[PDB]
Amino acid sequence: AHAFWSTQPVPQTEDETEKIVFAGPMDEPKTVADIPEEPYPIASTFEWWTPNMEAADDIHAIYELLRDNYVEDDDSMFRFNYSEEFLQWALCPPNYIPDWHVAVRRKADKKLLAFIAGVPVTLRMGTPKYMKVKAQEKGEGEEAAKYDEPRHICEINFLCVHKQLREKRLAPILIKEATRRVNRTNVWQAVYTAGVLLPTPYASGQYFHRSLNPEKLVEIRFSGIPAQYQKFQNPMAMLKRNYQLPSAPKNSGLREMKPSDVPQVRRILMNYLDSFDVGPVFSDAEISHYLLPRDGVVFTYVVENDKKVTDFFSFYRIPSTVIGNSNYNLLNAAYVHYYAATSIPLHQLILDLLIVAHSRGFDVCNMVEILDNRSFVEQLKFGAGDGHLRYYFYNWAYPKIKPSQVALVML
Ligand SMILES: CCCCCCCCCCCCCC(=O)SCCNC(=O)CCNC(=O)[C@H](O)C(C)(C)COP(=O)(O)OP(=O)(O)OC[C@H]1O[C@@H](n2cnc3c(N)ncnc32)[C@H](O)[C@@H]1OP(=O)(O)O
Ligand SMILES: Cc1nn(C)c(C)c1NS(=O)(=O)c1c(Cl)cc(-c2ccc(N3CCNCC3)nc2)cc1Cl
């Protein structure tokens with residue numbers, strides 16, 4: 001039994017989810033007028049805070065909370081170390097609602113103890129294609145197509161309770177209050193990902209890794225030398241040789257994205273994403289924001305030939321604190337962001353991703369098996385990890401789909 005999630009407009013079981021045929025809301029339809037205007041009650045030693053995201057010092061406080069209390073691997077070897085410039089980038093996209101950033105502070109000292117954030121996103125989340133088929137088959141098309149239009153919803157992320165406050169039922173309260181602030185602005189759906197199993201995922205994809213610096217990865221125990229490498233004189237030599245990469249990209253035509261590129265990238269990106277059942281729709285401003293290069297944060301390259309952007313790829317940076325080594329403070333990880341290829345094979349576009357990432361000193365390239373990410377796994381030498389990233393909707397009945405039907409990257 002889930003004493004909190006049992007009370008919420010989400011499907012409660014797998015056998016419920018594997019049964020839903022059409023997209024649509026779970027809940028009673030409500031109105032902003034229905035929604036309490038007062039923040040949810042919390043204990044008197046605490047207060048609600050709305051951090052200002054254009055203030056270095058609020059940003060810093062959130063940074064400090066996540067640096068010390070955000071996601072850890074299960075072995076307590078690594079913890080995410082999202083930088084401050086990263087957090088402002090992710091929390092302040094175009095038309096962000098400050099009010100959707102929810103913080104709990106100790107009244108006395110104003111020590112930050114909990115956080116959750118929401119950001120707007122325009123998401124295509126109607127009935128998946130295979131299920132539109134079975135609908136036509138059955139004369140049920142109009143019902144299946146009812147919620148096809150892109151919805152302006154909320155993207156939830158960065159939920160985090162201080163280590164000292166764990167298992168005190170605080171996280172439900174943060175979620176109820178975030179829900180409140182979002183329902184207040186006439187939004188009734190949310191989307192979120194988590195490494196854990198909650199009721200109830202609509203897709204689930206394995207994690208994948210590609211060693212850029214195998215010596216460090218073994219030293220910090222991110223990676224092991226596989227038994228098959230012992231049959232060699234010099235295990236680390238063979239490993240290193242095995243993952244080596246060219247020093248410069250292979251595609252002539254390749255450079256960083258510039259502002260003048262935005263409409264072409266938007267265009268090639270949307271054509272690509274539109275073939276997925278679940279995926280975002282981006283304005284010019286959203287493409288500028290989520291893809292223009294920003295130092296230490298997001299790195300984006302286009303293939304231009306004949307003054308035409310035929311292809312682009314993007315990645316972003318999240319260091320993890322190495323918790324249990326002493327020699328290395330940090331794992332320097334590149335995450336495959338969005339991309340599109342029209343003129344060249346995808347494995348060929350992404351090789352140049354590895355090449356750049358490695359040349360800029362990243363230790364590893366990470367990804368989930370969404371988009372067409374599966375298409376380059378073997379030839380670029382990615383390995384599956386032990387994670388599962390799960391994708392969820394709040395207040396939205398949706399069929400179980402394959403992770404390769406998802407085109408939403410969550411930071
Ligand atoms: C319309 C808009 C709607 C807006 C809202 C949309 C929904 C958003 C939903 C959230 C999307 C966030 C996506 C991300 O950011 S995922 C990243 C999550 N963050 C971390 O893992 C950081 C390290 N961990 C922690 O800070 C805490 O352990 C957290 C905060 C995760 C739980 O704190 P704590 O350990 O002190 O526990 P509790 O006693 O306070 O609370 C216990 C209840 O919490 C349920 N629980 C445990 N983990 C998660 C989890 N990751 N998502 C949702 N629920 C979770 C759990 O099943 C139990 O419920 P029930 O089993 O009793 O029913
Ligand atoms: C190096 C390292 N550092 N950390 C902190 C870990 C867990 C690893 N090892 S890992 O590489 O193998 C790995 C990686 Cl990168 C990531 C995730 C993961 C979990 C949750 C999540 N959501 C993303 C959206 N917001 C909510 C959280 N995304 C990703 C799990 C694994 Cl297990």
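These values consider heavy atoms only, across backbone and side chains, with no hydrogens, waters or symmetry-generated copies. Count residues from 1 along the sequence.
Relative to the six-membered ring of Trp49, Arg105 meets both conditions, a distance below 6.0 Å and an angle of at most 45° to the axis.
The main-chain N or O of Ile344 is never found under 3.5 Å from a side-chain atom of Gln348 such that the two would form a donor-acceptor pair.
Using a 4.5 Å cut-off on side-chain heavy atoms (C-beta onward), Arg317 and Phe299 make contact. In this structure, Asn242 and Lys381 have side chains that are in contact, with non-hydrogen atoms separated by less than 4.5 Å. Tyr243 has its side chain within reach of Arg210: a pair of non-hydrogen atoms, C-beta onward, lies under 4.5 Å apart. In this structure the side chain of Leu269 reaches within 4.5 angstrom of the side chain of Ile287, judged on heavy atoms. Inter-residue side-chain proximity for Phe312 and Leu291 is flagged as met; some heavy-atom pair is nearer than 4.5 Å. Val409 is listed as a side-chain neighbour of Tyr316, based on a closest heavy-atom distance under 4.5 Å.
More than 12 heavy atoms of other residues, nucleotides or ligands lie within 6.0 Å of CG in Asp109, so this atom counts as buried by the packing criterion. Atom NZ of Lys134 has 12 or fewer neighbouring heavy atoms from other residues, nucleotides or ligands inside a 6.0 Å radius.
For the residue pair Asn81 / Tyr70, no side-chain donor-acceptor distance below 3.5 Å is found, with atom types taken as modelled. Checked by atom type, the side-chain pair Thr310/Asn305 shows no donor-acceptor distance below 3.5 Å. Remark: the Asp372 side chain and the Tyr272 side chain contain an N/O donor-acceptor pair separated by less than 3.5 Å. With no hydrogens or angles considered, no side-chain donor-acceptor pair links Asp277 and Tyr398 at under 3.5 Å. For the residue pair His162/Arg106, the side-chain donor-acceptor check at 3.5 Å is not satisfied. Under the 3.5 Å distance criterion, with hydrogens and angles disregarded, a donor-acceptor pair is assigned to the side chains of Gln8 and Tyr394. Under 3.5 Å, the side chains of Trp5 and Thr200 contain no donor-acceptor pair of N or O atoms.
Ionic pairing of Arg255 and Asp261 is present here: one or more N-O contacts between side-chain nitrogen and carboxylate oxygen are shorter than 4.0 angstrom.
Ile62 contributes atom CD1, which lies 4.5 Å from atom CZ of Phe115 (distance to the nearest 0.5 angstrom). Separation of atoms CD1 (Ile355) and SG (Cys365) is listed at 12.0 Å; rounding is to 0.5 Å.
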Residue pair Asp363, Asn332: steps toward the side-chain hydrogen bond (donor to acceptor under 3.5 Å, both in side chains) verdict: CA-CA 5 Å; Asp363 308 318; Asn332 185 35; 5.2 Å; no
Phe282 and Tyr338: CA distance, side-chain angles, deciding distance, ring pair (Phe, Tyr, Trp, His ring centres under 6.0 Å) verdict: CA-CA 12 Å; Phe282 284 142; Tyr338 300 99; 5.5 Å; yes
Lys163 vs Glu72, salt bridge (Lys or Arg N to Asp or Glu O under 4.0 Å): CA-CA, chis, key distance, verdict: CA-CA 12 Å; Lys163 269 178 168 189; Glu72 311 196 341; 3.5 Å; yes
